[PDB]
Amino acid sequence: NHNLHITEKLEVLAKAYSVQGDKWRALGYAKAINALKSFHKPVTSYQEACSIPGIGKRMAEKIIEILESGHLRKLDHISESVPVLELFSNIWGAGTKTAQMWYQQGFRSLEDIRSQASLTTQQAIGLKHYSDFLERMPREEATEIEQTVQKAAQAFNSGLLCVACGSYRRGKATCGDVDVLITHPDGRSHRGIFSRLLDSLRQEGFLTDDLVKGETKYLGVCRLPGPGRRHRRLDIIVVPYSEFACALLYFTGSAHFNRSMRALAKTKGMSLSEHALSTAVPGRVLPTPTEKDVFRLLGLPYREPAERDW
DNA sequence: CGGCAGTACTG
DNA sequence: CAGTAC
DNA sequence: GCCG
Ligand SMILES: Cc1cn([C@H]2C[C@H](O)[C@@H](CO[P@](=O)(S)OP(=O)(O)OP(=O)(O)O)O2)c(=O)[nH]c1=O
Ligand SMILES: [Ca+2]
Ligand code: NA
Ligand code: NA
Ligand code: NA
Ligand code: NA
């Protein structure tokens, strides 16, 4: 990154807007920050800055102040509430609206939340695992988690295909959680297995809490056995084989990559989801046996998971 | 002016 | 539905 | 915040 003296300052503002709920301003910042991380050389001129896609007049003005000053004065006026709002919205299940409500009510610390806040079921689990869910795991541990789910699944039907997606599939050295996608080439067998699979993983002691238990996706909490283990976030999604390529694409990410591909698809009168690539308007589902087919139908060259890490 | 990705789950 | 998350 |  040629422009860390720039982006480090901008990321503080981005986070400030985000926790205060200014979704769209925060997005603009997020995009400019990556555009800046993706230019070869340091930004030298105002007109050099507008050259970058994602950098406008307002942003170029802030980059020049940073270069002539070494600082951005707006950082001096960030509200004192922001660190507390960040603390509260790092509870899984609490977002900006909950954080702002807790702040207005006078809460300032997780001890205040523990002792006086009304928590949803999900938020109580998030709070109990507050530190652990802020930590990333080595990818070797993600491998053990994927294999634990696969062994439990293949025990009930050896035809089940199980693939760890997210940052793991993109090749990262560390993973924030584990994303396991399950299907079956028979197009039928994947149906109704959650109650068995989760009971099996729960009967083990591996699954420690449930956050979301839907018909197709499970989000929860697991811990491998033995000493020195932390609780880890685990997501499991079960899909029909017809949807495997689009589900793999979605679940492998990155999030910014997905948003970018979906935006492109819409410019072309199409629509892309974890279920299907369609024509827009309903529309027609297009046949996508492989991830490569999704890229081809969008007129783009295939990208391996490692180069989707946007 | 107004979209900024599309969908699933909770209560 | 609004809120939250992947 | 940016951009069509
Ligand atoms: C947040 C988010 C995600 N997704 C997709 C792409 C992510 O890849 C995948 C898994 O979601 P995650 O576990 S949160 O993310 P990753 O594994 O990439 O990275 P880490 O966990 O190591 O932090 O769902 C998305 O379409 N829209 C989103 O808004
Ligand atoms: Ca993940
Ligand atoms: Na520009
Ligand atoms: Na949160
Ligand atoms: Na009080
Ligand atoms: Na996940």
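In what follows, every chain begins at residue 1, and chains take the letters A, B, ... in the order their sequences are listed.
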### Message
Can you confirm whether the side chains of A:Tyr29 and A:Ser18 place a donor and an acceptor under 3.5 Å from each other?
### Response
no

### Query
If only side-chain N and O atoms of A:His256 are considered, is one of them under 4.0 Å from the OP1 or OP2 phosphate oxygen of B:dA5?
no

### Message
Before you tell me yes or no, could you show the steps for A:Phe257 and A:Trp310 under ring pair (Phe, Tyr, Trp, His ring centres under 6.0 Å), namely the whole-Å CA-CA distance, both residues' side-chain angles and the distance that decides it to 0.1 Å?
### Response
CA-CA 6 Å; A:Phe257 177 79; A:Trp310 313 357; 4.9 Å; yes

### Query
In whole angstrom, what separates A:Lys31's NZ from D:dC3's P?
10 Å

### Query
Of A:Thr121 and A:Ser273, whose nearest nucleotide on DNA chain B comes first from the 5' end?
A:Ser273

### Task
Determine, for A:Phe206 and A:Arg223, whether the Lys NZ or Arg CZ falls below 6.0 Å from the six-membered ring centre while staying within 45 degrees of the axis.
no

### Task
Round to a whole Å and report the spacing from CD1 of A:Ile91 to P of C:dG3.
17 Å

### Task
Mind calculating the distance between CD (A:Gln123) and P (B:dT10) to the nearest angstrom?
14 Å

### Task
Between B:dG6, B:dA8, D:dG1, spot the one nearest the side chain of A:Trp24, thanks.
D:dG1

### Query
Does C:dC1 carry a north or a south sugar when the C1'-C2'-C3'-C4' torsion is used to decide?
north

### Message
Centroid separation under 6.0 Å, is that true for the rings of A:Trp92 and A:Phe133?
### Response
no

### Separation of C:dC6 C1' from A:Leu249 CG (nearest whole Å)
14 Å

### Query
Between atom CE in A:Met59 and atom P in D:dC2, what is the gap in whole Å?
5 Å

### Task
State, yes or no, whether a side-chain contact exists between A:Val180 and A:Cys165 at a heavy-atom distance under 4.5 Å.
no

### Task
Take atom CD of A:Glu65 and atom P of D:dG1, then tell me their distance rounded to the nearest Å.
12 Å

### Task
Using a cut-off of strictly less than 4.0 Å, decide whether A:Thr216 has a side-chain nitrogen or oxygen near OP1 or OP2 of B:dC9.
yes

### Distance test, side-chain N/O of A:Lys266 to OP1/OP2 of B:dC4, below 4.0 Å
yes

### Query
Which nucleotide in the set C:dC6, C:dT4, B:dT7 lies at the smallest distance from any side-chain heavy atom of A:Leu219?
C:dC6

### Query
How would you label the contact of A:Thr98 with the nucleic acid (heavy atoms, under 4.0 Å): base, sugar-phosphate, or nothing?
sugar-phosphate

### Task
Figure out the CG/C1' separation between A:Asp210 and B:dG11, and round it to whole Å.
17 Å

### Query
Hey, does A:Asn258 reach any base, or is it just sugar-phosphate, or nothing, if we go heavy atoms under 4.0 Å?
nothing

### Message
Does B:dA5 have OP1 or OP2 under 4.0 Å away from a side-chain N or O of A:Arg262?
### Response
no

### Message
Both distances below 3.5 Å, Watson-Crick or wobble geometry, any strand: find the nucleotide opposite C:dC6.
### Response
B:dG6

### Query
Reckon A:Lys62 has a side-chain N or O less than 4.0 Å from the OP1 or OP2 of D:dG1?
yes

### Task
Establish, with yes or no, whether the OP1 or OP2 oxygen of B:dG6 is under 4.0 angstrom from a side-chain nitrogen or oxygen of A:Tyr250.
no

#### Entry: Rounded interatomic separation in angstrom, taking CG from A:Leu211 and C1' from C:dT4
12 Å

### Summary
The nucleotide from C:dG3, B:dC9, D:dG1 with an atom nearest the side chain of A:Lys97 is C:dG3

### Message
From the set B:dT10, C:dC6, B:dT7, return the single nucleotide nearest to any side-chain atom of A:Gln122.
### Response
B:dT10

### Query
With distance as the sole criterion, is a donor-acceptor pair present between the side chains of A:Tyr241 and A:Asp186 under 3.5 Å?
no

### Message
If you only use heavy atoms from C-beta on, which nucleotide in C:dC6, B:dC9, C:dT4 is closest to the side chain of A:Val212?
### Response
B:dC9

### Query
What distance, rounded to whole Å, do you find between the two P atoms, one in D:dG4 and one in B:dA5?
15 Å

### Query
Is there ring stacking between A:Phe251 and C:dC6, where the centres must be under 5.5 angstrom apart and the planes under 30 degrees?
no

### Query
Which of these nucleotides, C:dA5, B:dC4, B:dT10, is closest to any side-chain atom of A:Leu27?
B:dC4

### Message
Applying a 4.0 Å non-hydrogen cut-off, can you work out what A:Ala255 is touching in the nucleic acid: base, sugar-phosphate, or nothing?
### Response
nothing

### Task
Please find out if less than 6.0 Å separates the ring center of A:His231 from that of A:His129.
yes

